[PDB]
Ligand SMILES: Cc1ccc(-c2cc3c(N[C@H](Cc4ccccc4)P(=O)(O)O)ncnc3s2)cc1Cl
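Next up: a single chain in structure tokens, the form deposited without the ligand.
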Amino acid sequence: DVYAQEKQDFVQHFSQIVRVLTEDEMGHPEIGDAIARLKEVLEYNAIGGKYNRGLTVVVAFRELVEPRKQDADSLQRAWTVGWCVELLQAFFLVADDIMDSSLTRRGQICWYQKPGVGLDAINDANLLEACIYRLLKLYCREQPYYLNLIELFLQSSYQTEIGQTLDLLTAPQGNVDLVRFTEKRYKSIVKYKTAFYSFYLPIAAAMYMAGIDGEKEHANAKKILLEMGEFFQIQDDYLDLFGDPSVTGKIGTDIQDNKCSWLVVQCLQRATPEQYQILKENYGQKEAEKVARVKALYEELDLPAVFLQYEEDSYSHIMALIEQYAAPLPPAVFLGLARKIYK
């Protein structure tokens, strides 16, 4: 709702983002071809998603900053920082798709799978990251929260990369051991690989723009946001297998990639010794028939019902956390976010 009434404004300002990231180098004709490539990278990879993470920055900003302080300049900066969060995302996702050997994202073929792109997409990804800091300097350098934002974005990237490292270490290709796939290990992975950048980052950014820089306030917001992020990633794992491809926009690879998925973790907690063997002999392999066998095992253990039940309980737990930790922040800030990810 508040998102949907912020969305189209947010999307419309992507053109100025691309304009300014392209004309920032007008005085340097010799890099024209690189700048054109950057434009193409932006348009293929930063556009086409739902922009929920970036919109969260905008929504939270309007709810945290007093209206008489929300001038045209301040709003412009708010949706610039929103787009920076979308760029960070794009940076990680382009690399993630290479490393997960994925095929599609946002209903199109992954950038690196495009003929002519391939592993050059690695440098494309790094450029998207650099754009974040080009925008922060262009729009926010003179602001009191400038350094806070730079550090928030750098820290969030480090955390996410630690998370990705845990994700990849725990999922060695060609090497199946289910013993690694524990609940404790799972929660650590998704905290770092998803929860920080998808949920803490956007709200924290808006907070700093609102002059809310207190360690206590950020720790309290973080209590709620990291838990939401844990649920969001469990939902991402569920949908990787049971989601509707025309809705998700991407083909799942967790089983083939031998991932420490929430699904496989719950399977391990429930499987008989016989079922364990079936999982062991079919998981982490590229063969369609072996993947289908894993999915059948999941459905036979009613993991879809287990997920639906977990989602209800997670929702309740998170609402409890909001009651406890939202103050002094407007509860609407966390509620709007909760509404976006729960049904």
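Take the two forms, superpose them, and find the largest set of C-alpha atoms that agree within 1.5 Å; that set is the rigid core. One-based numbering along the sequence shown.
- Per the PDB record, of the two stretches 325 to 333 and 9 to 17, 9 to 17 carries the greater mean B-factor over its C-alpha atoms.
- As the entry records it, the average C-alpha temperature factor is higher for 25 to 33, out of 25 to 33 and 304 to 312.
- As recorded in the entry, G174 carries the highest CA temperature factor of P202, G118, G174, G229.
- Residue set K193, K187, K216, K222: peak C-alpha B-factor at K216 (per PDB entry).
- The entry lists a Cα temperature factor for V179 that places it in the highest third of the chain's modelled residues.
- Per-chain ranking of the deposited C-alpha B factor places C140 in the middle third.
- Per the deposited record, the Cα B-factor of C267 falls in the highest third when ranked against the other modelled residues of its chain.
- Looking at the C-alpha B-factors along this chain, the one for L241 belongs to the middle third.
- In this PDB entry, the Cα temperature factor of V41 sits in the bottom third of its chain's modelled residues, the lowest group.
If you look for the form deposited with the ligand bound, you will not find it shown, but the lines that follow are about it.
- Not one of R185, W262 and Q266 is positioned with any heavy atom within 4.5 Å of the ligand in the bound PDB entry.
- Residue heavy atoms within 4.5 Å of the ligand in the bound PDB entry occur in exactly one stretch of 31 to 39, 293 to 301, 49 to 57, 272 to 280, and that stretch is 49 to 57.
- Contact annotation for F232: at least one heavy atom lies within 4.5 Å of the ligand in the bound PDB entry.
- Taking the partner from elsewhere, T248 is found to have a heavy atom lying within 4.5 Å of the ligand in the bound PDB entry.
- Using a 4.5 angstroms limit between non-hydrogen atoms, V20 is distant from the ligand in the bound PDB entry.
- The closest heavy atom approach of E289 to the ligand in the bound PDB entry falls outside 4.5 Å.
- Residues of 313 to 343 that come within 4.5 Å of the ligand in the bound PDB entry, judged by any heavy atom, are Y315, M319, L335, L337, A338, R339, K340, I341, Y342, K343 in sequence order.
- Shift analysis on the rigid core between the shown form and the other one singles out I251 from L138, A130, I251, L168 (C-alpha displacement of 2 Å or more).
- Remark: with the core as the superposition reference, the CA shift of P304 between the shown form and the other one reaches 2 Å or more.
- The Cα position of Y238 differs by 2 Å or more between the shown form and the other one after fitting on the rigid core.
- Once both forms are fitted on their rigid core, the CA atom of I31 lies less than 2 Å apart between the shown form and the other one.
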